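We give structure tokens for two forms of one protein chain below, kept apart as structure 1 and structure 2.
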Structure 1
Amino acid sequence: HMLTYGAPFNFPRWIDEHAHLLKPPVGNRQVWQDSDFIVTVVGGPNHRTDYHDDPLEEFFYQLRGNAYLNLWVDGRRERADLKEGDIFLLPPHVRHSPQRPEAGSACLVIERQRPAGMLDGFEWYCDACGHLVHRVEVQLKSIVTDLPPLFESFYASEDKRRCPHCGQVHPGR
């Protein structure tokens, strides 16, 4: 039938035109609305203390500049570098915290709409004892707008940030 999502267009030029809109905490912009593939560009600098626990995979292609992913691989606080030109496929549920410090950076991130009842988690870990401080689960509907309200609630509440092993109150900063 129709091309619902429009005609091909130049991506470098699209990124240039929307550069001034790539803004924190999360830094992104969705290219097409109501699609099954969720196609965003993420710039910087961003502010993220959360780990994301995505029930599906996440494709990355660091188009401009560099960034890294803080991970928890196999229990250990780990890092994956998104050097300019790198690509990478995250397995479902690997906890990850995108750090994007470079102004003018641009990373293509691709995900899919989540079916009903498949939940996304956002977690924070204690920077002293390294144990789970807080975890919210959300039925995700916008990878752009549903994020910061969630982090504000954590940021605004030392009961959420108080650790349950040590009593260290996470800075959320």
Structure 2
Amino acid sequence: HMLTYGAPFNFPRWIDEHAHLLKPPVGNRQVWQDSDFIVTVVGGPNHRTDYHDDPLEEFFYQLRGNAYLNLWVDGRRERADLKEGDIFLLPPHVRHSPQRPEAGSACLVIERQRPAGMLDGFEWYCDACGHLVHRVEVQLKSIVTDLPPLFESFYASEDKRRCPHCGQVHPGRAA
């Protein structure tokens, strides 16, 4: 039947043409709408303090510039570098916090639409003792409608930010 997502098109020129969105305050841009594969380009700079718990895999291809992922691997904080040219496949539920220090960077990220009932988690961890400070689970439909208010409500709440283990109040927006 129909090429529902349109014809093939030149990706570098698309990234060039959307450079103004691959920077603060927007930072990323989904390529196709209403598809099963969620295909996004993510730019920079953006730093962030949440860890994502994705119930499905995520594919990364760092096309331009460098970035890295703060991870929880086997109970310990680790870093996975996404150097320019690198590809990477993240297994389900590995906690990850992408850090994207460079302007002009661009990373292809491919994920799957989550089926009804399969929820995403977003988590913050205590800088002092490492315990989990706060988790929100969300039926994720769009990283535009369902996600910013989630982060904003954490920054706005000393209670949400308060470590249950040691009482230290997480800093909120910037580490």
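The first residue in the sequence of structure 1 is number 1, and each one after it adds one. In this text, rigid core is short for the largest set of C-alphas that superpose within 1.5 Å between two forms.
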item	value
Rigid core superposition between structures 1 and 2: residue from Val42, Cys126, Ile143, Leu63 with Cα shift of 2 Å or more	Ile143
Core fit, then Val31 C-alpha moves 2 Å or more between structures 1 and 2	no
Cα displacement of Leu22 between structures 1 and 2, core-superposed (Å)	1.7
